[PDB]
Amino acid sequence: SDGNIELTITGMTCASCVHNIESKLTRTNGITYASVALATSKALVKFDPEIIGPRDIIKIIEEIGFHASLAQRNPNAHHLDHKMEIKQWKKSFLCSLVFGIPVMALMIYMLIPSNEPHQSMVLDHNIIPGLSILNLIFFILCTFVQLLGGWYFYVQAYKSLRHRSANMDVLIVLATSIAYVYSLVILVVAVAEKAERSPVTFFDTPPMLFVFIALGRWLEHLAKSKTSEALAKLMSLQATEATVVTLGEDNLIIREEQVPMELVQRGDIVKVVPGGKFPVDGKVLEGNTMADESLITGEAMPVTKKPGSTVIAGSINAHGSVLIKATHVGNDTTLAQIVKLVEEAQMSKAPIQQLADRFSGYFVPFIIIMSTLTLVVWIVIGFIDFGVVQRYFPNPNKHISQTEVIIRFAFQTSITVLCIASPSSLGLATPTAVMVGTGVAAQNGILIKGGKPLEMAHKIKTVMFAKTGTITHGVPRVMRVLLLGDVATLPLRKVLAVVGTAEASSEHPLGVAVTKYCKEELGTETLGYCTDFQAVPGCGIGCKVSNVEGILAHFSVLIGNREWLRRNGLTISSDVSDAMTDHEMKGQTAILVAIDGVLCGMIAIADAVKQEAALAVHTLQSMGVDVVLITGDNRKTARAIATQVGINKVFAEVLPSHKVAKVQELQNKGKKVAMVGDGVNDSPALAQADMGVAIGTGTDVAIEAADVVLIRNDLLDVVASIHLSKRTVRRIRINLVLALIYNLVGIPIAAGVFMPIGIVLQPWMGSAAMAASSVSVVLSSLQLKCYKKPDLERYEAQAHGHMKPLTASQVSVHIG
Ligand SMILES: [Cu+2]
């Protein structure tokens with residue numbers, strides 16, 4: 001509602017454009033947030049609707065020099081498939097190969113001394129003083145390479161220079177231009193003065209420069225294309241053709257028609273043949289079959305479906321033909337939500353990437369200044385203190401002046417210094433790692449969103465769990481119905497009917513179960529009439545009930561906890577106080593029923609704790625994070641469920657009114673708190689907390705309050721979410737370390753500091769060491785794909801030996 005616009009940008013290649021655009025839009029008044037992702041090439045800027053409009057944003061962006069447009073809906077694979085870049089770089093490398101092989105052959109022919117040479121290396125035979133035939137060949141071929149292979153770099157550098165920015169191709173164009181002009185000048189000088197010896201020229205590096213540059217830029221796109229595998233596979237899974245059928249009266253198909261997805265709407269009925277994908281979500285009408293969503297949620301066992309159940313678009317039918325009633329069509333399909341969440345996850349950049357952008361925005365000028373300083377200091381030391389350099393240049397050759405060797409060495413070390421820096425290794429250190437991590441998470445059911453929770457996941461000290469929906473299954477079952485008052489005037493059928501018709505009014509999870517039990521075991525599907533239904537959450541419900549003879553032919557309602565009776569002026573006896581005590585010790589909550597001020601009896605409610613609840617909490621405790629439990633039920637149930645799980649401190653009797661203060665009090669110490677709720681029920685608590693985990697949410701992954709979503713209703717994915725996130729955060733540090741050692745070692749080696757040792761690099765040897773740098777960063781990120789999902793026997797393997805039992809004695813509770 002605040003003009004949250006997302007723009008797609010075409011032509012953004014380097015890692016400094018992100019910083020440039022971010023700063024340019026941030027410094028403009030009316031805009032406070034600016035995040036654009038290099039990998040997705042999409043921007044996310046929020047602006048005030050009244051001050052400026054999207055037209056101003058697009059004109060500003062096109063003033064910067066990049067084509068911008070509104071984000072599309074259907075087509076997204078061509079941005080991340082990298083096909084165009086791969087084809088272009090393959091063509092460029094193959095084109096440049098024809099001019100690099102002859103240079104390599106000529107260079108190597110000078111290298112090996114022949115045992116019996118035909119004329120003992122006469123390929124440097126002079127024809128006109130100052131110019132050898134080898135130098136003529138090098139000059140001509142390098143001129144052709146420069147006028148043919150450097151066109152793209154020249155164009156890109158010219159486009160970048162139109163603005164105040166400095167980019168990567170500036171380094172390449174500077175290196176090539178200097179290595180060309182210096183050699184051309186020295187050749188002209190030598191030929192003009194009729195020098196007897198042809199000086200050595202830098203006419204061989206650009207042909208060897210471009211081959212390695214193109215090879216590196218092709219291999220790194222090839223490695224990048226493997227980072228977007230998960231998203232591409234998810235996108236290319238939804239069907240397009242729907243077999244819509246028309247039901248006359250008794251599901252009879254009058255005709256068969258084929259309609260595309262963009263035209264089909266809710267309310268239509270579609271038919272699926274065996275081996276065909278489910279096109280749309282909906283409800284199963286008739287027919288029993290099985291379907292697999294291994295590529296949707298990541299499960300392995302093929303689930304069985306029966307009429308009256310739901311389907312997920314993308315799954316493949318196995319047995320027979322089934323007709324379903326379409327409910328979700330288009331962008332609201334679960335797969336579309338998953339795709340949207342994964343795409344938007346690479347938008348909220350962490351601060352570490354912000355520093356990496358600030359440093360990479362000022363890297364090229366730093367390299368240029370270092371190169372100029374190196375050249376100047378080498379000239380100064382040559383023409384001031386000749387002793388240091390002659391100690392390592394001890395051969396005075398009559399064919400070359402002593403100034404000439406100093407000038408050549410200075411220029412060589414000032415070229416290879418700026419031809420060895422790799423800003424790309426800095427730029428794509430974080431995006432590749434985070435995107436591979438998010439993809440491999442999404443392939444396993446975990447749906448981590450946003451880049452901030454990635455490095456936020458490293459520093460949780462305590463994690464918060466909610467009782468219902470997360471530890472327990474969520475489907476309560478009644479154990480037994482107990483009666484305390486009169487039996488004649490209050491028969492079991494009467495109380496069953498009145499409780500059922502009173503609980504039918506509300507939508508409480510236990511109310512549905514108790515109504516189903518009453519209706520089933522009583523034998524009638526009818527119900528009475530309810531009025532004046534008071535609904536106070538966390539306390540109880542009271543109502544007036546009429547028409548009780550419709551069920552008994554085969555009234556003040558007070559339902560709530562212990563304090564509910566006390567609130568309405570009802571006493572609680574000592575004998576009844578000992579009735580629910582035994583049930584609540586077994587983790588079974590109880591409901592008191594009282595009609596007309598009479599102690600009618602007791603109702604038992606039991607919820608089964610999941611088996612995975614034992615391992616996930618203990619693995620987290622072993623990992624080094626605290627855990628606590630919060631619930632709105634009584635004290636005794638919280639203690640009972642905690643022991644069956646292994647959590648010491650609990651927060652019981654929490655009203656659904658405040659429900660946020662416990663988050664604050666854990667954050668008063670300064671630590672970070674993450675709560676594992678269920679979704680729409682605990683939205684205020686999740687969003688306030690640093691990391692909200694919405695577990696057990698099927699086909700409802702469109703949650704804005706939480707930042708970690710789990711599709712499968714499995715508690716082990718909570719452990720796997722942090723486990724996979726830590727292994728992802730470590731890759732940024734490793735990638736950046738490899739992105740700093742390379743530059744801080746590559747400069748001094750190319751700065752000529754290692755002349756006493758005797759290691760000097762030719763400029764072409766400085767780019768072959770650059771192609772190996774960019775690829776090594778991406779291949780390091782691709783190693784995360786070698787991740788096998790752990791299973792139950794894997795987790796319990798390291799858990800053997802240390803399973804400490806705990807009792808209710810060592811179980812703390814809240815303080816007021
Ligand atoms: Cu370069």
# chains A, B, ... in the order shown; residues from 1 in each chain; ligands from 1

$ residues_near_ligand --ligand "ligand 1" --cutoff "9 Å" --atoms "only C-alpha atoms and all ligand atoms" --output "list in words"
residues 168, 169, 170, 171, 172, 173, 175, 213, 418, 419, 420, 421, 422, 423, 767 and 770 of chain A

$ write_last_selection --atoms "C-alpha atoms" --output "PDB file, in the first residue's frame"
ATOM      1  CA  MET A 168      35.971  -3.632 -14.058  1.00  0.00           C
ATOM      2  CA  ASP A 169      36.414  -3.192 -17.816  1.00  0.00           C
ATOM      3  CA  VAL A 170      38.251   0.067 -17.097  1.00  0.00           C
ATOM      4  CA  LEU A 171      41.113  -2.079 -15.790  1.00  0.00           C
ATOM      5  CA  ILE A 172      41.119  -4.251 -18.917  1.00  0.00           C
ATOM      6  CA  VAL A 173      40.995  -1.322 -21.334  1.00  0.00           C
ATOM      7  CA  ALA A 175      45.977  -2.569 -19.438  1.00  0.00           C
ATOM      8  CA  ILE A 213      39.556 -13.377 -20.061  1.00  0.00           C
ATOM      9  CA  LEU A 418      46.241  -3.927 -12.501  1.00  0.00           C
ATOM     10  CA  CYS A 419      45.840  -6.942 -14.800  1.00  0.00           C
ATOM     11  CA  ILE A 420      45.790  -9.353 -11.837  1.00  0.00           C
ATOM     12  CA  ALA A 421      43.101  -7.821  -9.593  1.00  0.00           C
ATOM     13  CA  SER A 422      39.772  -9.684  -9.544  1.00  0.00           C
ATOM     14  CA  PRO A 423      36.899  -7.528  -8.240  1.00  0.00           C
ATOM     15  CA  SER A 767      45.050 -13.067 -16.266  1.00  0.00           C
ATOM     16  CA  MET A 770      42.483 -14.340 -12.723  1.00  0.00           C
TER      17      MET A 770
END

$ closest_atom_pairs --of "range 413-481 of chain A" --to "range 716-721 of chain A" --cutoff "9 Å" --atoms "only C-alpha atoms" --output "CSV"
residue,atom,partner,partner_atom,distance
A:441,CA,A:721,CA,7.6
A:444,CA,A:717,CA,8.7
A:445,CA,A:717,CA,7.9
A:446,CA,A:721,CA,6.5
A:447,CA,A:721,CA,8.7
A:448,CA,A:721,CA,7.7
A:457,CA,A:721,CA,8.5

$ write_last_selection --atoms "N, CA, C and O atoms" --output "PDB file, in the first residue's frame"
ATOM      1  N   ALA A 441      17.859 -25.593   0.423  1.00  0.00           N
ATOM      2  CA  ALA A 441      16.860 -25.635   1.485  1.00  0.00           C
ATOM      3  C   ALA A 441      15.464 -25.854   0.914  1.00  0.00           C
ATOM      4  O   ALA A 441      14.708 -26.700   1.403  1.00  0.00           O
ATOM      5  N   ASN A 444      14.376 -29.265   0.046  1.00  0.00           N
ATOM      6  CA  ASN A 444      14.182 -30.191   1.156  1.00  0.00           C
ATOM      7  C   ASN A 444      12.968 -29.850   2.011  1.00  0.00           C
ATOM      8  O   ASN A 444      12.769 -30.476   3.060  1.00  0.00           O
ATOM      9  N   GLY A 445      12.152 -28.879   1.601  1.00  0.00           N
ATOM     10  CA  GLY A 445      10.973 -28.478   2.334  1.00  0.00           C
ATOM     11  C   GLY A 445      11.145 -27.216   3.155  1.00  0.00           C
ATOM     12  O   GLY A 445      10.175 -26.470   3.334  1.00  0.00           O
ATOM     13  N   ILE A 446      12.349 -26.962   3.665  1.00  0.00           N
ATOM     14  CA  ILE A 446      12.610 -25.731   4.401  1.00  0.00           C
ATOM     15  C   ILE A 446      12.552 -24.555   3.436  1.00  0.00           C
ATOM     16  O   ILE A 446      13.118 -24.606   2.338  1.00  0.00           O
ATOM     17  N   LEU A 447      11.869 -23.488   3.839  1.00  0.00           N
ATOM     18  CA  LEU A 447      11.552 -22.371   2.954  1.00  0.00           C
ATOM     19  C   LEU A 447      12.027 -21.059   3.562  1.00  0.00           C
ATOM     20  O   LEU A 447      11.272 -20.092   3.688  1.00  0.00           O
ATOM     21  N   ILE A 448      13.296 -21.030   3.979  1.00  0.00           N
ATOM     22  CA  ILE A 448      13.895 -19.821   4.534  1.00  0.00           C
ATOM     23  C   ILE A 448      13.720 -18.665   3.564  1.00  0.00           C
ATOM     24  O   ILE A 448      14.010 -18.787   2.370  1.00  0.00           O
ATOM     25  N   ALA A 457      20.511 -16.515  11.712  1.00  0.00           N
ATOM     26  CA  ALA A 457      20.389 -17.876  12.220  1.00  0.00           C
ATOM     27  C   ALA A 457      21.634 -18.334  12.965  1.00  0.00           C
ATOM     28  O   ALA A 457      21.590 -19.360  13.652  1.00  0.00           O
TER      29      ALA A 457
END

$ residues_around --residues "residue 391 in chain A" --least-positions-apart "5" --cutoff "12 Å" --atoms "only C-alpha atoms" --output "PyMOL selection string"
chain A and resi 382+385-386+396+755-756

$ select_by_dssp --residues "range 611-640 of chain A" --states "strand (DSSP E)" --output "PyMOL selection string"
chain A and resi 626-630

$ write_last_selection --atoms "N, CA and C atoms" --output "PDB file, in the first residue's frame"
ATOM      1  N   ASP A 626      19.300 -22.433  23.748  1.00  0.00           N
ATOM      2  CA  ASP A 626      18.311 -22.708  24.777  1.00  0.00           C
ATOM      3  C   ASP A 626      16.937 -22.931  24.151  1.00  0.00           C
ATOM      4  N   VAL A 627      16.012 -23.431  24.964  1.00  0.00           N
ATOM      5  CA  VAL A 627      14.656 -23.706  24.502  1.00  0.00           C
ATOM      6  C   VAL A 627      13.698 -23.577  25.680  1.00  0.00           C
ATOM      7  N   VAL A 628      12.531 -22.985  25.417  1.00  0.00           N
ATOM      8  CA  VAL A 628      11.466 -22.841  26.403  1.00  0.00           C
ATOM      9  C   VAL A 628      10.129 -23.075  25.713  1.00  0.00           C
ATOM     10  N   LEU A 629       9.089 -23.243  26.525  1.00  0.00           N
ATOM     11  CA  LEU A 629       7.747 -23.539  26.045  1.00  0.00           C
ATOM     12  C   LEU A 629       6.775 -22.487  26.559  1.00  0.00           C
ATOM     13  N   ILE A 630       5.809 -22.122  25.719  1.00  0.00           N
ATOM     14  CA  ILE A 630       4.772 -21.160  26.072  1.00  0.00           C
ATOM     15  C   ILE A 630       3.418 -21.763  25.732  1.00  0.00           C
TER      16      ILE A 630
END

$ closest_atom_pairs --of "range 719-812 of chain A" --to "range 360-381 of chain A" --cutoff "9 Å" --atoms "only C-alpha atoms" --output "JSON lines"
{"residue": "A:747", "atom": "CA", "partner": "A:370", "partner_atom": "CA", "distance": 8.8}
{"residue": "A:751", "atom": "CA", "partner": "A:374", "partner_atom": "CA", "distance": 6.7}
{"residue": "A:752", "atom": "CA", "partner": "A:374", "partner_atom": "CA", "distance": 8.8}

$ write_last_selection --atoms "N, CA and C atoms" --output "PDB file, in the first residue's frame"
ATOM      1  N   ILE A 747      48.808  -8.442  -5.777  1.00  0.00           N
ATOM      2  CA  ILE A 747      49.364  -7.117  -6.047  1.00  0.00           C
ATOM      3  C   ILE A 747      50.863  -7.087  -5.751  1.00  0.00           C
ATOM      4  N   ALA A 751      53.691  -6.369  -8.147  1.00  0.00           N
ATOM      5  CA  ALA A 751      54.284  -5.059  -7.913  1.00  0.00           C
ATOM      6  C   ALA A 751      55.803  -5.077  -7.990  1.00  0.00           C
ATOM      7  N   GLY A 752      56.404  -6.222  -8.304  1.00  0.00           N
ATOM      8  CA  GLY A 752      57.843  -6.311  -8.416  1.00  0.00           C
ATOM      9  C   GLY A 752      58.584  -6.363  -7.102  1.00  0.00           C
TER      10      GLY A 752
END

$ residues_around --residues "residue 30 in chain A" --least-positions-apart "3" --cutoff "10 Å" --atoms "only C-alpha atoms" --output "count of residues only"
11

$ select_by_dssp --residues "range 22-110 of chain A" --states "alpha helix (DSSP H)" --output "PyMOL selection string"
chain A and resi 22-27+54-64+77-80+83-97+101-110

$ residues_around --residues "residue 85 in chain A" --least-positions-apart "2" --cutoff "10 Å" --atoms "only C-alpha atoms" --output "PyMOL selection string"
chain A and resi 81-83+87-91+217-218+221-222+225

$ atom_distance --atom1 "CA of residue 695 in chain A" --atom2 "CA of residue 42 in chain A"
29.4 Å

$ atom_distance --atom1 "CA of residue 232 in chain A" --atom2 "CA of residue 41 in chain A"
15.6 Å

$ residues_around --residues "residue 779 in chain A" --least-positions-apart "2" --cutoff "12 Å" --atoms "only C-alpha atoms" --output "ChimeraX atom specification"
/A:219-227,425,428-429,432-433,436,731,735,772-777,781-786

$ closest_residue --among "A:188, A:645, A:384, A:123" --to "residue 139 in chain A" --atoms "only C-alpha atoms"
A:188

$ closest_residue --among "A:400, A:426, A:103, A:705" --to "residue 764 in chain A" --atoms "only C-alpha atoms"
A:103

$ residues_around --residues "residue 197 in chain A" --least-positions-apart "6" --cutoff "12 Å" --atoms "only C-alpha atoms" --output "VMD selection string"
chain A and resid 124 to 132 135 187 190 to 191 397 to 401

$ atom_distance --atom1 "CA of residue 638 in chain A" --atom2 "CA of residue 587 in chain A"
8.1 Å
